[PDB]
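First, one chain by itself in C-alpha cells, the form deposited in one PDB entry.
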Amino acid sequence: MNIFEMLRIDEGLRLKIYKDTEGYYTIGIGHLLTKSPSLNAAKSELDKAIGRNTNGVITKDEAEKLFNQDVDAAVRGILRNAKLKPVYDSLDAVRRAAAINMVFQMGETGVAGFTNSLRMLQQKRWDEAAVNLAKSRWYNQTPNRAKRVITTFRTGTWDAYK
C-alpha cells in the first residue's frame, strides 16, 4: 500500500462530474472543482483544469493526471506550512500517508486547526491522538473514512486498508 492506493480507496473514481459528501462538484479521484452551486461554473473549471472542452466527462488517464497533481500539491502544502511540516517530518512513512490523506480531504488550513491532535502526534502519543482526532466534525460527517485514517495514525500499519 501507498498514498495513491490509499486515497484511491477513500475517494473512488468517477469520470463524470458528481457531487461530493458536502454537495460540491467534483470529478475523478476526489478532485474538487468548485464550491459553487453552478454546474456551469463546475464545467468551466473542469475545462480549464484539463485543457479542452470536456463537456463534463474525462478519461481515466485524465483523472489520474489530476490525481497526481493533487497529491503532489498536498505534500507540498504540508512542507510549506509552518504548523504542519514539523509534525510531518517527525512521523514514520505510514503515518505520513495518513497526514497527507487528511490534507487532501480537508485542506492545509483545515488540518492545521487540529492543534491538540498535531501536538499528540508529534509526541507519539498514538492512542491519545486517536481519541482527540475523533472529537471533530470530520469524524461525525465521514466516520468510516475518518476511522480508517485514525487507525492508521494509531497503529502505524495499513491494517485499516487491508
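We number the residues from 1 along the sequence you see.
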| request: Higher average CA B factor in the deposited record is what I'm after, so tell me if that's 62-70 or 38-46. | output: 38-46
| Comparing 13-21 with 137-145, where is the mean C-alpha B-factor higher? | 13-21
| Among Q105, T26, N55, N132, which carries the highest Cα B-factor? | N55
| Given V94, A112, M120, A99, the residue at which the Cα B factor reaches its maximum | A112
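Missing here is the form solved in complex with a partner chain; even so, the following discussion is about that form.
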| Does its partner chain get within 4.5 angstroms of any non-hydrogen atom of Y161 in the deposited complex? | no
